[PDB]
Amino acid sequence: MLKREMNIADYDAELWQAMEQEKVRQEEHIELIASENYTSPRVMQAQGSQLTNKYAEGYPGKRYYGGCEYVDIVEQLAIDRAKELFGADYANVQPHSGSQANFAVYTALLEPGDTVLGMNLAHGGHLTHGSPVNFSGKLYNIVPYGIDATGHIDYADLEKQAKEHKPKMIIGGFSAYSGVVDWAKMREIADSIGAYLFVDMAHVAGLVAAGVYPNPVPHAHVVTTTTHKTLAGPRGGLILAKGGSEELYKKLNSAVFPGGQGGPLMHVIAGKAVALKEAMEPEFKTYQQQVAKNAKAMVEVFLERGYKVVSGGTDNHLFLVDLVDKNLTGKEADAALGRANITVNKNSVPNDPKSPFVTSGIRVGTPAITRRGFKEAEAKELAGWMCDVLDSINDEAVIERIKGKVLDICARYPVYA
């Protein structure tokens, strides 16, 4: 018998103290990391449940272990809600993460060595979209594509590359692009050469769910997404598809298991189920709208203050600030802002003269501050403080003043009340 009262506090002081400090840090810091958010206590409740004790390999109704009658219901709920929210007729909720979800797609549709057309990392693409240090770049033949001098995808050049290299798959999606991708146009290009159009909408899933950003589901053969970014759910992956054959769906299911994973995390999947339900609320829709609005408000300030915003603006939740002309590395800016309790992340920019760990820019996202209560007024004021720090990056007095101002606005907008 394990007493339900056993806790970390009176048993592991070291670990507990670290956890409590992170809890406070989430309240005292303005999080502007585009890929982060604040999941609801409902999601955390699911993740802390006893579903963690169950091994449930296989799929609902067709498992490899006995006693899965109830976890089957849990997984089916996640599957059904994922389909209804995005308008898909197929969904796999078992991927442990976005990376695992993508790995499943690659291995289900391609053979090692096949040619793939994906967005280059510095230009906004994700590691799993072709980076040579990731499994994607190591196992497949990657042909990259980037953005214009205007900061947008040139579908004309994309078509040229597609026709010239004849890739077996074309990847649409990004980790740091602020524009709207024309999914239908990419599908056309893919069809012209008989390639698969794979769209990774991890970053914009929440926006797509609210109708604030074009849904790729009806244009791509396969779609993947994480459940922890703009979707504001638990950390995990998800695979979606529409209008595919039963064979295609069977391959996708097999690629996830027993192809690339073992037992799924049922407690996390329960979290996905409730998060997908919350994403159906009307308030979730107005939330995503504020997210997009706040991102625009912040861009205005940055431009007025004389900073280079890649693509000149944003149509989603994020934007990149190119610091090359300011003679600053993303690493420096990140550290300086951090001292003012403003947390962002250094980020490569198109044609970045520095390596990924250093970079010449920072990425800014509004999902967290918006979920926290911020609106345009607060977002604009915040962008101003950021520029004040960047202007006098070496003035300790400036950083101190800003820090006090953020600790202040943070106290008025608690994350978890």
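Numbers follow the displayed sequence, beginning with 1.
Comparing 321 to 329 with 137 to 145, the higher mean C-alpha B-factor in the PDB entry belongs to 321 to 329. Mean CA B-factor, 250 to 258 versus 331 to 339: the higher value falls on 331 to 339. In this structure the maximum Cα B-factor among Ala220, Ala162, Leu276, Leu265 is found at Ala162.
Between the residues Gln26, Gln47, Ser348, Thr370, it is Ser348 that shows the highest Cα B-factor in the PDB record. Among the modelled residues of its chain, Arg42 has a C-alpha B-factor that falls in the lowest third, as given in the PDB entry.
Compared with the other modelled residues of the chain, the Cα B-factor recorded for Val415 ranks in the lowest third.
When all modelled residues of the chain are sorted by CA temperature factor, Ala190 is found within the middle third. In this PDB entry, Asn215 carries a Cα temperature factor that places it within the middle third of its chain's modelled residues.
For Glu376, the recorded CA temperature factor ranks within the middle third of the chain's modelled residues.
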